[PDB]
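One chain follows as structure tokens, the form deposited in one PDB entry.
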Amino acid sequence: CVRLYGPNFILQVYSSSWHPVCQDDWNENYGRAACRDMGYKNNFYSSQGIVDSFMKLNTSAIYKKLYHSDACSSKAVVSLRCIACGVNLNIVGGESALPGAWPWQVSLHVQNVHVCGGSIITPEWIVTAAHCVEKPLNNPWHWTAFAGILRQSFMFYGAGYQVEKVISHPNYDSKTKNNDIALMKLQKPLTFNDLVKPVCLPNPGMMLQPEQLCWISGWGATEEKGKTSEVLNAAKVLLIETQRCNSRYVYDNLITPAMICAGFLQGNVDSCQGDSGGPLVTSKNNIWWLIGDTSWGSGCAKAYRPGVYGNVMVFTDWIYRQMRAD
């Protein structure tokens, strides 16, 4: 019953609404304990008092040691970051990605060939699409991950990161593609550097614009019915309002609250076969956030047939629980 709220990572605790935690008597050790509860295990980044009813710490005997208070004597609330994420440098109709521009991007291989995309969230956890791991690719032995390499010809056999665990959302529906999200855990943790870094998981209360400016990246075909791209490509896309995406001329009521549309109704710029499982990201408060995972669409870059992505914000607490359960 502990969460991070908005682009400023305000620590909140639930009461049978949600209230922010006082900076009073708080320290890095309480922050570490809060991150462990969220399933971040050994990950911790920062804990600081932001000037934004409250939950106050009881200096007697992490969640059970908080009580409701009218005011914070420190006149600040806790801002909690569990991992250094969402920092980078500085597909149809896109452009070659630069080194370090999309450092959370991974290429997921089966039998030495790219199958799907993925997004690094921790040194051992990757977010992908549940449709990527449908039978007969449900078992983790099939899979290997490539990070910090832009080119498929530079992804050598024996050099990938073996996948040890595969977890599909319990409500994934293969007919409709509803709840199209899965997690992969690596056998060995990744080494973060200027080319390999995680993207931030989205917090409730991001307050994105109806047509928020986003980016997609992947090794998917550069034209409908085309082959896997040898190079990583990236493109700017705008969110498409669900009411508009659900209209008779677009996807006629097939867009659920677990899905987000992005792209252009005139087409020309879109995700395609092989981009699936990959990131849909946005920049807000100088942080890159994982808004979606490439899920589905009718054809590629066709007019009135945009891209459909898993609504990652809806899945964040399910993700936390799987990371904690491991």
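For every residue, the number given is its place in the sequence shown, counted from 1. Heads up, when I say rigid core I mean the largest set of C-alphas that superpose within 1.5 Å between the two forms. Residues that one form lacks are left out of the comparison.
The same protein also has a form deposited in another entry, omitted here; what follows describes it.
Here the rigid core is superposed between this form and the one not shown, and of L290, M259, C35, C272 the C-alpha of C272 is the only one to shift by 2 Å or more.
In summary, the C-alpha positions of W125 and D270 diverge in the other form, ending up at least 3 angstroms farther from each other than in this conformation. Look at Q273 and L232: in the other form their Cα atoms come 3 Å or more closer than in this form. When the two forms are overlaid on the core, consecutive residue runs of 3+ whose CA positions all differ by 2 Å or more between this form and the one not shown map to 267-274, 299-301.
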